[PDB]
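Novice: Dropping a structure here in structure tokens format, bear with me for questions.
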2 protein chains.
Amino acid sequence: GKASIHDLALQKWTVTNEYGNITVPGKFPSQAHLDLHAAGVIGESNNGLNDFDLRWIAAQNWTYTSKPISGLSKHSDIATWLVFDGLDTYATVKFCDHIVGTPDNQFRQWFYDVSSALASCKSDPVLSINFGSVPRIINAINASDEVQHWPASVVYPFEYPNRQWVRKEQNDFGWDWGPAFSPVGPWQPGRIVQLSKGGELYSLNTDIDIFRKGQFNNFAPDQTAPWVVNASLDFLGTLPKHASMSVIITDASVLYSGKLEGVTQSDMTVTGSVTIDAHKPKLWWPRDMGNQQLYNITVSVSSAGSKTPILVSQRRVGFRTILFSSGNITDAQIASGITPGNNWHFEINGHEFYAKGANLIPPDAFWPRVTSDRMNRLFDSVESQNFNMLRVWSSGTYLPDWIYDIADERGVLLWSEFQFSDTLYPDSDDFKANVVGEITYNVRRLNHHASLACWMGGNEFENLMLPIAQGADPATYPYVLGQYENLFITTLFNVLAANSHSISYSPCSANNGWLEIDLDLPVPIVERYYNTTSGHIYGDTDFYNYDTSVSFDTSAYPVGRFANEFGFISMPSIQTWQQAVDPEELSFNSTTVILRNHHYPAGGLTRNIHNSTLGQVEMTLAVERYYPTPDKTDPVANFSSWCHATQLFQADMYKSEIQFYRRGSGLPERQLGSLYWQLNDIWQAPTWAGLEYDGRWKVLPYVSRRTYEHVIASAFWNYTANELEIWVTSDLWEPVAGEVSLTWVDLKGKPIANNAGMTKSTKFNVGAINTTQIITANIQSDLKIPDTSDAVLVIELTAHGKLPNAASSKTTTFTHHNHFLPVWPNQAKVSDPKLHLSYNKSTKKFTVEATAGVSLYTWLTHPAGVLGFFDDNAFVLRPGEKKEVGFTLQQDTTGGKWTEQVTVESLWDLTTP
Amino acid sequence: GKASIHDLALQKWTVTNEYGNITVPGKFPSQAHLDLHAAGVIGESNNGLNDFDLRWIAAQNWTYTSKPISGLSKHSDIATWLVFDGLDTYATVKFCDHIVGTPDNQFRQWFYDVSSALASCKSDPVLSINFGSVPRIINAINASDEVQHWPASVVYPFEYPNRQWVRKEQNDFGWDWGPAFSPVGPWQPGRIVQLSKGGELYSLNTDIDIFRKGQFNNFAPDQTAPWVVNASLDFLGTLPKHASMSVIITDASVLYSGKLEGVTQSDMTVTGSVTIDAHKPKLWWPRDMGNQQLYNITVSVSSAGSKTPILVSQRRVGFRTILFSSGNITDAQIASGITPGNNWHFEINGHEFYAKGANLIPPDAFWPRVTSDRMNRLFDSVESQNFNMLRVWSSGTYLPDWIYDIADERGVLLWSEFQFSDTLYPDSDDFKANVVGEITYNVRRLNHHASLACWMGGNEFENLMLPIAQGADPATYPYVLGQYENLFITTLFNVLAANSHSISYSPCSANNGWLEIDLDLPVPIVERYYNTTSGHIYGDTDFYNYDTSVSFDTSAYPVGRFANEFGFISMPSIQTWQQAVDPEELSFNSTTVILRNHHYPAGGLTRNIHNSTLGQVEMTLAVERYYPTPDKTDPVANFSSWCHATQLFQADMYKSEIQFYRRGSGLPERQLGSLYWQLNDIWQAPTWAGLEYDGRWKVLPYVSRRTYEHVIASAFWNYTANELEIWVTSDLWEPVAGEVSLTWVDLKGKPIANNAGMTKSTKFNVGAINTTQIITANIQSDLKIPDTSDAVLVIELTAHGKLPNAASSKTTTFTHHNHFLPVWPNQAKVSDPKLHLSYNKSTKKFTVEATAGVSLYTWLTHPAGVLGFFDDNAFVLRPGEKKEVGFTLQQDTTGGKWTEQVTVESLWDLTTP
Ligand SMILES: *[C@@H]1O[C@H](CO)[C@@H](O[C@@H]2O[C@H](CO)[C@@H](O[C@@H]3O[C@H](CO[C@H]4O[C@H](CO[C@H]5O[C@H](CO)[C@@H](O)[C@H](O)[C@@H]5O[C@H]5O[C@H](CO)[C@@H](O)[C@H](O)[C@@H]5O)[C@@H](O)[C@H](O[C@H]5O[C@H](CO)[C@@H](O)[C@H](O)[C@@H]5O[C@H]5O[C@H](CO)[C@@H](O)[C@H](O)[C@@H]5O)[C@@H]4O)[C@@H](O)[C@H](O[C@H]4O[C@H](CO)[C@@H](O)[C@H](O)[C@@H]4O[C@H]4O[C@H](CO)[C@@H](O)[C@H](O)[C@@H]4O[C@H]4O[C@H](CO)[C@@H](O)[C@H](O)[C@@H]4O)[C@@H]3O)[C@H](O)[C@H]2NC(C)=O)[C@H](O)[C@H]1NC(C)=O
Ligand SMILES: *[C@@H]1O[C@H](CO)[C@@H](O[C@@H]2O[C@H](CO)[C@@H](O[C@@H]3O[C@H](CO[C@H]4O[C@H](CO[C@H]5O[C@H](CO)[C@@H](O)[C@H](O)[C@@H]5O[C@H]5O[C@H](CO)[C@@H](O)[C@H](O)[C@@H]5O)[C@@H](O)[C@H](O)[C@@H]4O)[C@@H](O)[C@H](O[C@H]4O[C@H](CO)[C@@H](O)[C@H](O)[C@@H]4O[C@H]4O[C@H](CO)[C@@H](O)[C@H](O)[C@@H]4O)[C@@H]3O)[C@H](O)[C@H]2NC(C)=O)[C@H](O)[C@H]1NC(C)=O
Ligand code: NA
């Protein structure tokens with residue numbers, strides 16, 4: 001009596017529009033833009049001005065229709081279900097011409113009993129799914145005077161208005177780094193399940209919660225306590241009374257084989273738990289903190305009398321604790337010298353760590369075409385930059401299991417969020433009920449992933465949208481604050497706590513922490529909000545100061561506990577532009593390039609050249625103020641070269657912020673995180689990304705890689721006081737010692753006399769997760785530099801130590817390269833360094849040599865036909881010094897000839913015709 | 001009392017669509033596609049699948065509206081005219097809200113008296129021109145059962161149907177090498193003319209006819225007779241009775257200053273003539289036949305009593321006779337050994353010459369954007385290929401004066417045609433009246449150009465469309481034949497003869513000649529048609545055999561008097577593709593590349609993949625049968641390389657035809673012309689062009705240049721009999737002597753023993769415009785080639801002689817390079833020739849060297865940022881031999897760095913991964 005399953009992917013689909021005049025072959029899973037492009041009705045959606053030209057698609061219905069489905073049993077002993085892991089979004093499902101369901105949530109698994117439709121069916125049943133125009137439906141919802149309305153500043157759009165009314169990925173209606181395609185379709189897998197009486201059940205969803213005994217959300221657990229493994233299984237259809245549960249936990253070697261205890265059951269769910277000795281399971285750690293130990297847990301449900309299980313579920317899991325700590329700074333912390341206020345940090349298995357990484361946005365406007373290969377390449381680039389965390393930004397979406405799997409096994413912590421973002425939302429009973437379906441399904445679905453690090457209720461509420469709402473409508477503000485608490489704390493925190501003991505919570509991405517957490521309270525998390533004291537420090541920080549005159553001025557950076565967002569936009573490579581835009585449109589300010597800059601966004605549906613131009617201007621001023629301004633005679637080389645200068649400014653600014661945040665680990669703030677805005681791009685356009693749509697590295701990720709190294713030497717320049725400081729900062733969990741060499745040369749590479757009055761070398765000791773000051777110098781009073789525009793300081797650090805939980809006693813050697821230029825890059829008197837470049841096919845290394853003088857911001861550019869990244873880039877090179885640079889080849893289309901097309905350049909080349 | 005003129009270009013224009021929802025800035029002259037693209041409403045019309053996607057434009061009206069026009073006098077002593085040199089096509093002209101005209105001919109100058117509209121105007125007048133949707137209007141015309149209809153095979157479309165009903169450039173509705181944009185707008189210049197009573201007149205158009213006294217159309221004039229200069233001037237408005245005319249003719253040094261005699265006048269025209277001694281004017285000749293002597297003739301019209309002229313007109317003219325000879329082969333010609341029948345050749349100033357060139361199609365789908373620079377570059381490429389003639393193909397259009405000017409001064413003969421093409425046409429009274437406006441205006445306008453070489457009534461009537469009509473509807477055929485004669489002979493020949501004594505005529509582009517020409521006959525040209533005799537030869541030839549198994553088989557080529565059309569399609573360069581199509585679409589058979597191949601055309605409005613694919617297949621089979629078939633690992637290099645093989649096949653086939661046509665000059669046919677199909681491209685697509693849209697040379701023009709040299713040595717291979725013949729052919733007007741070296745080597749460059757049994761060198765004598773056989777050899781019986789797949793024969797000719805009408809006694813040296821391969825290129829055992837390439841900035845030469853062996857089809861490719869052509873390309877190179885190759889730089893965008901981006905390759909490179 002096994003469950004009979006027809007995968008909807010193997011069925012045959014046709015897609016039709018609303019007006020009866022467009023019919024093309026369909027795919028499942030897909031969305032209509034993708035099936036239209038596949039048939040040649042449209043060009044690649046990311047191209048040209050398609051954000052405008054393709055709006056006829058979002059404005060109408062699309063229907064996915066199967067051919068008659070064969071092979072279903074028509075015996076009435078049998079229950080026939082439709083199971084949909086994702087439908088995007090408002091849809092009308094029909095089976096043999098009967099409306100069987102009307103789904104309205106992208107983020108929910110839907111299931112419908114079609115037994116009776118099948119029975120009435122005079123031939124093989126056709127399944128059809130009629131997907132609405134989302135703008136039209138949300139416009140119709142909003143137009144009613146019977147629903148909630150908010151001030152214009154609170155619901156101000158990017159492109160389409162009214163997004164707060166639909167449980168759909170919010171960026172689908174446009175964002176300040178992406179287009180507004182509002183795609184629809186069967187966006188995740190789906191199938192038909194036929195279940196026979198007294199037979200096998202079907203598994204819908206499985207919540208595995210591995211926690212320390214006594215553990216609660218948001219509180220540090222007892223690391224000496226036994227593990228509790230709790231398993232709760234959702235299913236279709238009939239589980240008999242007095243059901244029993246057993247589990248086998250094996251190395252992903254049996255850890256445990258046993259029965260579960262305290263079994264409970266209801267109509268569609270069965271739950272049990274088991275306790276395991278603290279000494280048995282090996283711990284999961286993030287990358288560079290130990291092993292990524294995982295286990296397979298298979299859970300079987302049997303029924304009194306039955307020889308064999310009728311429900312079996314398997315997940316891959318880890319044994320670890322991950323705490324997000326946002327409560328008060330303790331007396332103990334205060335006496336240690338930490339500024340009072342509220343924490344904002346993470347702990348893994350009881351250990352504090354410095355978080356290093358970025359914000360992950362959706363890699364594509366069409367989730368169905370996002371591949372395993374594409375996401376594996378992206379994770380390679382994340383590891384290589386020395387990340388241990390991504391913030392999975394809201395709102396794109398809840399990531400599919402397969403993406404958390406990648407994180408799990410590589411050791412990247414995923415700070416996760418519910419899909420609510422940069423606006424205020426409804427809190428009627430029906431909207432909430434829909435949200436609760438969503439929060440309950442996804443919290444349960446995702447809970448077993450070792451990479452999952454926290455849940456936050458949504459993006460930018462207490463730090464941005466709530467105070468906008470207070471300002472915009474003071475009289476109604478306490479009402480909208482109550483809805484916030486009611487939805488994001490009372491409903492949502494209770495839902496998470498009901499389904500997880502292991503994952504901590506915050507009602508939004510940035511806030512001043514909590515005063516109390518207690519489920520006995522009507523609002524179980526009592527937020528601090530603005531109940532603050534002068535001198536105290538709370539919360540994580542943002543930094544988006546676009547005034548280019550203070551960009552490198554550390555007195556303008558925020559003093560906080562964790563930096564979860566910060567950035568400036570930059571152009572992508574010309575090779576990236578070349579993917580999406582016409583050759584004649586390749587200039588800094590062409591109409592198409594400007595219209596693709598959504599910084600700043602249109603605020604609606606117009607072609608807003610003015611707002612886009614504001615971003616164009618920010619980049620232009622940044623370059624003009626700090627970097628040589630290209631003036632290349634070939635207009636193509638001029639565009640390419642201007643694109644690269646914008647990237648240099650972004651890299652250097654992020655470096656400047658990251659080293660300041662990291663040093664803060666050892667100052668009274670005790671800063672413990674850096675997540676730059678933003679890791680990646682959704683299309684080809686000027687943004688905050690470090691990784692372009694296809695994966696190509698900007699200058700940023702090469703610089704952040706170095707600046708995210710375990711042990712770094714960092715140069716801090718107070719340019720008003722003309723004072724230089726060099727600090728050494730380490731994220732290791734034990735003290736380390738080492739040395740930094742400090743070599744002053746002119747831009748031809750000749751040493752400056754007496755090393756400009758500075759020591760050639762100095763030793764250091766630095767505490768665990770801490771910093772130490774090793775040099776201070778007034779450039780005019782204490783150093784003797786004959787010409788500051790003909791000077792560079794080359795900094796090399798070496799240190800010895802162990803990574804956390806290292807097995808081997810053999811100590812690792814840590815090295816960091818850096819430089820300090822006592823003027824702005826545009827003031828440096830660089831000359832042609834006469835770079836030589838060659839490739840060695842045996843060693844697979846490029847050799848780069850400066851022959852005539854010092855090269856600044858040396859830069860290798862791989863060609864179009866290849867994907868990957870170099871082991872270093874944007875570096876200082878002195879003549880005679882030979883540098884070897886390898887490349888991680890992820891994909892090659894050039895049959896190996898790409899090595900001959902690689903080029904090298906430096907700052908000098910920005911200045912030539 | 002001077003004429004007051006407002007140029008409509010300096011007025012301010014707005015363009016609006018039919019439905020009130022599109023408004024953009026306008027230009028005059030322009031067309032709506034161009035003004036829409038300029039405003040960013042659409043992308044470049046030539047891009048992607050815009051032939052489909054842009055059809056919403058042709059389907060509706062576009063209105064060009066001025067701002068209120070200032071500065072017109074409102075005195076009723078004054079006549080105010082609108083003068084339009086071209087409006088495309090059906091339009092409604094309004095002036096101060098009054099319909100003043102409804103033009104319906106692209107090819108006519110329209111003028112309208114708006115004096116009364118101006119007088120009623122309560123403020124400054126607005127001029128508006130509402131342009132129709134042409135498809136809609138011709139569909140409406142055709143739908144009426146009151147108009148003529150033809151069999152489907154006769155009016156079979158390319159894309160839009162019904163084109164026979166509109167006097168508009170026929171290719172605007174699509175052709176088998178171009179798109180169907182059906183553009184509309186003020187496509188040529190226009191202005192407002194205010195004329196005061198008793199003042200200056202305004203010149204509309206001026207017919208200058210310089211002929212030999214007694215000369216008539218189509219008959220060889222007397223070269224010893226005096227020149228008659230006839231000047232007929234069209235004007236607005238009032239010329240008083242008893243007007244007089246004088247002329248000054250000056251070097252373009254007075255040739256003549258005098259009065260005109262036999263003056264006649266009517267309402268809008270004044271005419272007079274003057275006779276000049278045969279000894280006074282220096283003659284105009286085509287390029288490489290003498291000087292391009294031109295003169296300025298200024299004609300003034302004065303009135304009894306008036307001190308100064310009231311009408312002045314200036315044209316640039318030449319003194320020469322050009323005969324198109326299509327009458328019977330004379331007894332004299334027969335006794336000389338020429339096959340009987342009818343001639344088809346040209347004579348310049350009484351001398352026969354061999355015509356060499358190609359068919360010129362419109363360079364752009366939008367005539368307004370065609371520039372002087374663009375057409376100058378095209379004429380450079382024409383001269384460089386050794387052309388002396390272009391056939392200005394119908395139907396595109398009647399060329400503007402400025403293009404004939406370029407031809408005039410460079411010496412390129414322009415065989416010109418009336419705009420009727422590849423279908424049969426109406427012959428109602430209104431249609432004819434419209435045509436007569438057209439033929440009369442353009443014949444008069446163009447007559448003074450020395451480059452003008454003939455008028456033919458239209459393309460493909462008697463050789464194609466008439467026999468299709470006889471086959472398709474035998475009963476109605478005599479009726480449609482009568483309309484043909486009535487329109488294209490009775491009406492049109494009379495109209496030309498009324499306005500020109502100097503320019504010969506043919507009722508269509510290809511026919512068997514005439515039996516009689518006599519204006520006393522009801523049909524003044526009595527066509528031979530099919531009144532033929534076995535063994536006799538008539539007419540010019542076409543050749544479009546697409547069966548690749550006979551392409552190089554000279555027994556399949558047509559034996560005629562002149563070859564006016566012949567070809568095979570080939571892909572353009574990848575750099576050309578890259579202009580118009582997405583990167584992902586760059587493969588031989590992508591959907592976009594296939595859809596842009598209009599060989600074969602859709603036959604209507606569908607996306608006809610099947611018909612397009614037939615052309616794709618022709619090119620594929622051609623390559624597979626004869627040339628190495630690329631299999632490059634990089635898909636981009638694979639596409640590029642497949643594009644180049646198609647070009648090699650086209651070049652070699654044209655060479656094979658041209659040398660066969662030219663040799664025919666000395667055989668009983670006495671062949672006297674080669675015009676290959678086609679010179680140039682209207683957009684980026686696989687076609688018969690030798691010059692791609694932007695001007696880039698295919699392989700074809702490099703090969704035809706050599707094959708159009710004055711003196712050539714040509715290899716004829718009968719591959720069934722395995723016989724080689726080498727002939728020397730000369731187009732000079734006097735005998736020449738010289739020598740040809742014949743060097744047999746293997747593909748490493750080592751001589752074959754005893755030169756394979758062939759003489760190393762041989763002398764020749766060749767008659768004026770004639771040929772001589774210098775070698776015959778059976779490859780197996782008479783030669784000793786150890787391995788025919790490891791053999792090449794390198795042929796170099798040198799000769800001494802004079803070009804026609806050369807002043808200097810110093811004789812010119814003529815050299816021609818060629819080769820013979822005794823197997824097909826795909827059978828040749830080529831090895832890596834190890835080519836070296838360098839550039840010398842002082843000499844501006846590239847040096848090309850084969851280091852390791854013989855290189856076949858050596859090929860330099862200039863990069864994207866530069867326009868021009870090399871002085872040689874696609875050549876055989878033997879090792880040690882150094883070849884220098886210069887480049888005519890027409891435009892550079894790369895600031896001189898393009899020389900470093902030039903690459904070289906050979907046949908060998910098609911075969912590598
Ligand atoms: C392992 O794990 C698990 C998980 O997995 C766990 O379990 C858990 O637990 C928790 C705790 O307790 C809980 O929670 C809770 O909940 C509730 C509700 O409930 C309900 O619902 C639910 C849900 O459902 C859903 O889902 C599911 C799953 O999947 C399924 O099954 C179903 O079907 C459904 O589904 C649906 O829906 C959804 C949405 O929702 C969607 O998604 C889907 O699709 C569909 O549609 C459930 O679950 C439940 O259940 C249960 O119950 C029943 C009876 O009733 C049974 O039958 C069953 O079997 C079960 O049982 C279990 O549980 C229970 C409890 O509940 C117990 O008793 C038993 O024993 C067993 O175990 C139902 O149906 C809610 O309501 C709650 O809340 C409350 O509480 C809290 C604490 O806890 C607090 O805080 C809050 O606030 C509240 O309270 C309040 O109210 C109340 C009344 O209502 C009262 O009493 C109190 O007092 C209070 O009040 C107060 O205060 C206020 C203010 O503050 C004032 O005003 C007033 O006046 C006063 O004063 C909670 O949350 C859950 O539920 C569970 N789950 C399960 C599955 O089971 C376990 O535990 C673990 N283990 C270890 C060892 O650890
Ligand atoms: C384009 O796509 C869209 C989306 O797919 C299509 O719109 C959808 O059309 C279907 C079929 O008509 C509807 O389902 C049927 O609903 C009726 C009830 O009708 C009322 O309810 C609707 C309310 O819609 C909501 O959205 C509106 C905006 O459009 C908004 O203004 C309104 O306030 C509602 O919004 C609230 O609720 C939303 C959740 O629904 C929520 O997200 C919002 O936030 C908000 O809170 C109105 O459109 C309509 O005018 C009426 O007011 C119902 O009677 C039908 O019931 C049948 O099916 C169910 C199972 O689903 C079954 O239990 C019943 O017994 C019954 O079955 C029997 O009848 C069938 C035939 O009717 C028969 O086939 C069957 O065999 C049985 O015999 C059904 O549920 C969707 O509600 C609607 N969705 C929308 C609007 O979002 C649209 O038609 C497409 N257009 C084209 C041209 O193709
Ligand atoms: Na209010």
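If you're wondering about the labels, chains in the structure tokens are A, B, ... by order shown, residues count from 1 in each chain, ligands from 1 in order shown.
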Counting only C-alpha atoms, what is within 9 Å of residue 281 of chain A, bar same-chain residues fewer than 4 positions away, as a list in words?
Specialist: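 Non-adjacent residues within range: residues 227, 255, 276, 277, 318 and 319 of chain A.
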Novice: Would you kindly return, as a CSV table (one decimal) with C-alpha atoms, in the first residue's frame, each protein, DNA or RNA residue with an atom no farther than 10 Å from any atom of segment 686-695 of chain B, considering only C-alpha atoms and excluding same-chain residues fewer than 6 positions away?
Specialist:
```
chain,number,residue,atom,x,y,z
B,176,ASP,CA,15.2,38.9,-49.1
B,177,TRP,CA,18.1,40.8,-47.7
B,178,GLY,CA,16.4,43.5,-45.5
B,358,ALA,CA,28.1,45.4,-58.5
B,359,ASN,CA,24.4,46.2,-57.5
B,360,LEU,CA,23.9,49.0,-55.0
B,361,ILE,CA,21.0,48.5,-52.7
B,363,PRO,CA,22.5,51.4,-47.4
B,364,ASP,CA,19.9,51.9,-44.7
B,374,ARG,CA,28.9,56.9,-44.9
B,375,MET,CA,28.5,57.2,-48.7
B,377,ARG,CA,33.4,55.4,-47.4
B,378,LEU,CA,31.3,53.2,-49.5
B,381,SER,CA,35.5,50.7,-51.2
B,382,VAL,CA,33.9,50.7,-54.8
B,566,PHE,CA,24.9,36.8,-59.8
B,567,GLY,CA,25.6,35.5,-56.2
B,568,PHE,CA,25.3,33.3,-53.2
B,569,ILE,CA,24.7,34.6,-49.5
B,570,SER,CA,27.2,34.5,-46.7
B,571,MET,CA,27.2,35.4,-43.0
B,572,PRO,CA,28.6,38.7,-41.9
B,573,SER,CA,31.6,39.0,-39.5
B,576,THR,CA,29.0,43.0,-37.5
B,577,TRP,CA,26.6,40.4,-35.8
B,579,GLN,CA,26.3,45.2,-33.3
B,593,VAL,CA,20.2,34.8,-36.5
B,594,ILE,CA,17.9,32.5,-38.5
B,596,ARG,CA,17.3,37.7,-39.7
B,597,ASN,CA,18.1,35.5,-42.8
B,598,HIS,CA,15.4,36.6,-45.3
B,599,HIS,CA,16.7,34.1,-47.9
B,615,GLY,CA,19.2,29.7,-46.5
B,616,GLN,CA,21.0,28.6,-43.4
B,619,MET,CA,25.5,28.1,-46.6
B,643,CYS,CA,30.9,32.8,-40.5
B,646,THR,CA,30.7,30.8,-45.7
B,647,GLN,CA,32.6,33.9,-46.9
B,650,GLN,CA,31.1,33.1,-51.7
B,651,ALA,CA,34.4,34.8,-52.6
B,676,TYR,CA,27.9,41.0,-59.0
B,677,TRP,CA,24.9,40.7,-56.6
B,678,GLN,CA,25.2,42.6,-54.3
B,679,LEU,CA,27.6,45.3,-53.3
B,680,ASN,CA,26.3,46.2,-49.9
B,701,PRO,CA,35.6,42.3,-52.2
B,702,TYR,CA,39.3,41.4,-51.6
B,704,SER,CA,36.8,40.6,-56.7
B,867,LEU,CA,36.7,51.6,-40.4
B,868,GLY,CA,38.6,50.8,-43.6
B,869,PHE,CA,40.2,48.1,-45.7
```
Novice: How would you report the residues lying within 9 Å of ligand 2, as a PyMOL selection string, if you count only C-alpha atoms and all ligand atoms?
Specialist: chain A and resi 17-19+60-63+89-105+117+129-134+136-144+147+165-167+428-431+434
Novice: Around ligand 3, which protein and nucleic acid residues have at least one atom no more than 12 Å from it, if we count only C-alpha atoms and all ligand atoms? List them as a PDB file with N, CA and C atoms, in the first residue's frame.
Specialist:
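Output file result25.pdb is given in full below:
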```
ATOM      1  N   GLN A 148      -7.132  49.091   5.815  1.00  0.00           N
ATOM      2  CA  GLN A 148      -6.166  50.027   6.360  1.00  0.00           C
ATOM      3  C   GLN A 148      -5.396  50.794   5.282  1.00  0.00           C
ATOM      4  N   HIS A 149      -5.109  52.046   5.606  1.00  0.00           N
ATOM      5  CA  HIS A 149      -4.247  52.893   4.809  1.00  0.00           C
ATOM      6  C   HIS A 149      -3.236  53.571   5.707  1.00  0.00           C
ATOM      7  N   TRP A 150      -2.090  53.906   5.121  1.00  0.00           N
ATOM      8  CA  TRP A 150      -0.983  54.473   5.854  1.00  0.00           C
ATOM      9  C   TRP A 150      -0.573  55.754   5.145  1.00  0.00           C
ATOM     10  N   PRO A 151       0.175  56.614   5.850  1.00  0.00           N
ATOM     11  CA  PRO A 151       0.752  57.800   5.215  1.00  0.00           C
ATOM     12  C   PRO A 151       1.631  57.428   4.028  1.00  0.00           C
ATOM     13  N   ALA A 469       6.748  56.638  10.557  1.00  0.00           N
ATOM     14  CA  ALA A 469       5.345  56.614  10.893  1.00  0.00           C
ATOM     15  C   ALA A 469       5.000  57.556  12.066  1.00  0.00           C
ATOM     16  N   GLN A 470       5.820  57.609  13.100  1.00  0.00           N
ATOM     17  CA  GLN A 470       5.593  58.564  14.166  1.00  0.00           C
ATOM     18  C   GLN A 470       5.626  59.999  13.672  1.00  0.00           C
ATOM     19  N   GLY A 471       6.622  60.342  12.879  1.00  0.00           N
ATOM     20  CA  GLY A 471       6.686  61.637  12.270  1.00  0.00           C
ATOM     21  C   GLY A 471       5.527  61.950  11.340  1.00  0.00           C
ATOM     22  N   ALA A 472       5.129  60.999  10.536  1.00  0.00           N
ATOM     23  CA  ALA A 472       4.180  61.258   9.470  1.00  0.00           C
ATOM     24  C   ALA A 472       2.752  61.356   9.992  1.00  0.00           C
ATOM     25  N   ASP A 473       2.416  60.593  11.027  1.00  0.00           N
ATOM     26  CA  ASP A 473       1.054  60.621  11.607  1.00  0.00           C
ATOM     27  C   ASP A 473       1.094  60.335  13.098  1.00  0.00           C
ATOM     28  N   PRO A 474       1.495  61.336  13.906  1.00  0.00           N
ATOM     29  CA  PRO A 474       1.689  61.176  15.344  1.00  0.00           C
ATOM     30  C   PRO A 474       0.463  60.621  16.073  1.00  0.00           C
ATOM     31  N   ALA A 475      -0.730  61.036  15.656  1.00  0.00           N
ATOM     32  CA  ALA A 475      -1.953  60.648  16.373  1.00  0.00           C
ATOM     33  C   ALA A 475      -2.249  59.153  16.249  1.00  0.00           C
ATOM     34  N   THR A 476      -1.982  58.581  15.074  1.00  0.00           N
ATOM     35  CA  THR A 476      -2.244  57.171  14.813  1.00  0.00           C
ATOM     36  C   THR A 476      -1.040  56.243  15.166  1.00  0.00           C
ATOM     37  N   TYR A 477       0.102  56.830  15.476  1.00  0.00           N
ATOM     38  CA  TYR A 477       1.316  56.059  15.739  1.00  0.00           C
ATOM     39  C   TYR A 477       1.190  54.992  16.849  1.00  0.00           C
ATOM     40  N   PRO A 478       0.574  55.319  18.005  1.00  0.00           N
ATOM     41  CA  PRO A 478       0.462  54.252  19.015  1.00  0.00           C
ATOM     42  C   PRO A 478      -0.348  53.055  18.532  1.00  0.00           C
ATOM     43  N   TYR A 479      -1.341  53.321  17.684  1.00  0.00           N
ATOM     44  CA  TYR A 479      -2.085  52.248  17.055  1.00  0.00           C
ATOM     45  C   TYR A 479      -1.157  51.400  16.188  1.00  0.00           C
ATOM     46  N   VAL A 480      -0.373  52.022  15.292  1.00  0.00           N
ATOM     47  CA  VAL A 480       0.495  51.222  14.394  1.00  0.00           C
ATOM     48  C   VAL A 480       1.648  50.572  15.150  1.00  0.00           C
TER      49      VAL A 480
END
```
Novice: Please identify the alpha helix (DSSP H) residues within segment 611-814 of chain A (assignment by DSSP from backbone atoms) and present them as a ChimeraX atom specification.
Specialist: /A:611-626,635-663,699-707
